[PDB]
Amino acid sequence: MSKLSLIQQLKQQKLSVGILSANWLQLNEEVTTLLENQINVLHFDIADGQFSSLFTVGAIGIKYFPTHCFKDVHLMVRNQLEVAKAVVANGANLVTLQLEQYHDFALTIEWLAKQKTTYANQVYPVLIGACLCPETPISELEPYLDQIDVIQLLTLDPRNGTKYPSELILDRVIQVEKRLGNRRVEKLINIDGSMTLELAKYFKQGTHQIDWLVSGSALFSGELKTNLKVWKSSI
Amino acid sequence: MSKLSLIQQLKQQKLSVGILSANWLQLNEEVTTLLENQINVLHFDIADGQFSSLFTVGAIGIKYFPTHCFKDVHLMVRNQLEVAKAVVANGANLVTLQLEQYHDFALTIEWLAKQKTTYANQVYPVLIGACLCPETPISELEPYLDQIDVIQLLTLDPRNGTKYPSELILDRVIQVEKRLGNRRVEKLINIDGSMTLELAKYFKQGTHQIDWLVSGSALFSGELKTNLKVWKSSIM
Ligand SMILES: [Ca+2]
Ligand SMILES: [Ca+2]
Ligand code: NI
Ligand code: NI
């Protein structure tokens with residue numbers, strides 16, 4: 001199966017859930033609740049305290065989640081190649097790098113391009129993502145746009161904790177869409193960073209196609225089931 | 001209870017369980033099983049991919065475990081001071097530093113020495129550990145022996161692919177013991193790294209008191225309940 005076929009299938013899903021935002025003693029039930037609600041995309045922030053102060057989990061974090069879940073693995077690390085190998089080895093289906101981490105960006109996307117993993121009950125190439133912090137110019141994507149599958153836009157800069165204006169983020173979505181042209185159908189444009197129902201509604205009211213929004217602590221502030229009912233009702 | 005009395009009580013346990021070696025979707029069942037078995041010491045390897053290539057989990061890893069468990073938090077990181085603050089905030093009861101992290105070791109134990117935490121329903125000082133990779137000279141511990149509570153010896157170096165004979169680790173326990181003298185009673189001397197039943201039997205094969213063995217993947221290779229039955233019948 002090709003990347004393109006997979007990408008079109010994924011667009012059926014609207015939420016990449018940051019599952020480790022849950023209580024780690026309730027992970028099985030949380031994932032069960034997600035599956036019961038036709039959600040199977042799980043986001044992981046793999047962060048080493050080197051890109052930002054953010055020091056979260058390594059590859060081990062993604063390991064025990066079922067292979068019938070799509071593992072959207074977001075790296076914010078110093079050693080992107082090494083960490084990419086580790087997450088691919090633990091079943092990552094998408095590996096997203098930080099564009100700002102330029103020292104091994106190209107090398108890592110080169111290695112990723114040759115990897116395959118299994119999703120659901122089939123073998124696919126691993127999807128490759130590029131994430132940009134809010135001030136990183138969309139213009140810096142140009143050398144890689146053809147090669148990447150996912151463009152992820154952060155709402156905030158983890159390197160300072162600063163949350164950026166939602167209108168800026170929507171503008172950036174437009175700038176990305178423009179550059180993709182007729183190849184827009186070949187990519188996911190996703191938004192990540194301290195997602196709230198208010199941001200979610202603003203981005204989806206925005207008349208420009210966003211594929212996935214990534215959930216954070218807000219989904220798990222209160223019962224997941226409750227919050228899912230709102231997501232499903234409101235957005 | 002003082003720090004010393006806590007240390008004596010802690011010595012009643014023989015195993016510090018590497019809980020995140022479990023299947024993460026089963027963490028609650030696994031913690032329940034340990035508690036049912038009179039085991040409540042949980043070991044966490046907080047590793048940032050910088051001290052070595054080992055990159056496990058940050059402070060969030062300890063957060064959701066019950067405060068009635070004793071959290072034995074082993075740092076293998078570049079910025080020890082910063083991580084120590086983060087793990088203490090998430091309830092660390094013991095913070096073990098790498099002696100090889102020379103740049104902030106003393107500073108971090110200085111900070112740790114001012115900290116207090118909750119174990120059971122009582123406030124204690126945070127216990128302080130020093131961990132050595134196998135090739136690090138025991139003599140380098142000398143300046144800190146009175147400031148630390150726990151000496152942890154690794155059976156392996158995560159920065160290496162070297163296979164270190166187990167006999168050398170027991171030799172190192174003797175080197176620590178000899179330096180401590182009558183202070184030994186005040187400390188835990190613990191062994192960590194790829195622990196197996198065989199290795200446990202060897203280390204426990206006496207003469208030289210070892211307080212905790214830290215468990216890893218072996219404890220969760222097969223059913224936890226089964227492996228605990230095995231551990232208790234062999235060693236306990
Ligand atoms: Ca919650
Ligand atoms: Ca197992
Ligand atoms: Ni993310
Ligand atoms: Ni350890």
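Within every chain, numbering begins at 1; the chains are lettered A, B, ... in the order of the sequence lines, protein sequences first and strands thereafter. Scope of the values below: all heavy atoms of this structure, side chains included, with no hydrogens, waters or symmetry mates. As the structure lists them, so they are numbered: ligands from 1, and atoms in each ligand from 1.
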(message) If we only look closer than 3.0 Å, how many protein N, O or S atoms does the Ca ion (ligand 2) have near it?
(response) 1
(message) Can you confirm whether A/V88 sits close enough to A/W111 that some side-chain heavy atom of one is under 4.5 Å from a side-chain heavy atom of the other?
(response) yes
(message) If you compare all heavy atoms of A/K3 against all heavy atoms of A/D149, which two are closest, and at what distance to 0.1 Å?
(response) NZ-OD2, 2.9 Å
(request) Return the minimal non-hydrogen interatomic distance between B/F55 and A/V57, and the atom names on each side. (result) CZ-O, 3.4 Å
(message) Give me each pair satisfying salt bridge (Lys or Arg N to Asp or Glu O under 4.0 Å) with a member in residues 157-170 of chain A, each pair once, sequence neighbours excluded.
(response) A/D157-A/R159
(message) A/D45: which residues meet the salt bridge (charged side-chain N to carboxylate O under 4.0 Å, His left out) condition with it, sequence neighbours left out?
(response) none
(message) Name the residue from B/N227, B/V17, B/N23 that meets the side chain to side chain contact (heavy atoms under 4.5 Å, CB included) definition with B/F220.
(response) B/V17
(message) Would you compute the distance between atom CG of A/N90 and atom CZ of A/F65 and round it to the nearest 0.5 angstrom?
(response) 12.0 Å
(message) Would the distance check show the side chain of B/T32 and the main-chain N or O of B/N28 forming a donor-acceptor pair, the cut-off being under 3.5 Å?
(response) yes
(message) Working to the nearest 0.5 angstrom, can you tell me the gap between B/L15 CG and B/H43 NE2?
(response) 11.0 Å
(request) Please list, in chain and residue-number order, the protein N/O/S atoms closer than 2.8 Å to the Ni ion (ligand 3). (result) A/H43 NE2, A/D45 OD1, A/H74 ND1, A/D192 OD2
